[PDB]
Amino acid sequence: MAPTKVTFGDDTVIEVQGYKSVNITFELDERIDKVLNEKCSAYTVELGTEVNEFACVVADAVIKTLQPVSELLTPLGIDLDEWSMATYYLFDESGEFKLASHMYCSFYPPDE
C-alpha cells in the first residue's frame, strides 16, 4: 500500500512503511518440502497484509517454483494442477493466522 505520511514542524514530511521479514517452512509433501524451503521461502511482507492474501502470494510462488519440474513430480504422485487449486494455510509457531518472522505453510489447518 501507501507509505504513511507523518508530519513534523512547518513543512517536513516523513514517509514510513513497515515490513515483516517472513521465512516459511513448507509442510506440503515431505519429499519436496526442502526444495520449497530453499527456493521460495523468503518474503518481505507489508505489516498490514491479510494472511489469507499473503497465502495466495505463497501459493503462486510454489506453483511458479514447481511448473518447470512438473514432470518429475507426477511420478512422485504430485499433480500441480490440483496443488494450484488447493487451500494454503499460513500460520505461526503458535498456529495463529498472524504474520510472523517464521511461518508454516500446510494443506491442513493447525487445529485438528
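Numbering starts at 1 and follows the sequence shown.
K.L.:
Tell me which of 69-77 and 22-30 has the higher mean C-alpha B-factor in the deposited entry.
P.N.:
The deposited B-factors put 69-77 ahead on the C-alpha mean.
K.L.:
Ordered by C-alpha B-factor within the chain, which third holds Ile63? Give me lowest, middle or highest, please.
P.N.:
It belongs to the highest third of the chain when residues are ordered by C-alpha B-factor.
K.L.:
In terms of the chain's CA B-factor thirds, is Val57 lowest, middle or highest?
P.N.:
CA B-factor rank for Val57: lowest third.
K.L.:
Is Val45 in the lowest, middle or highest third of its chain when residues are ranked by C-alpha B-factor?
P.N.:
Within its chain, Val45 is a lowest-third residue by C-alpha B-factor, going by the deposited values.
K.L.:
Please place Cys105 in the lowest, middle or highest third of its chain by C-alpha B factor as given in the entry.
P.N.:
As the PDB entry reports it, the C-alpha B-factor of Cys105 lands in the lowest third of its chain.
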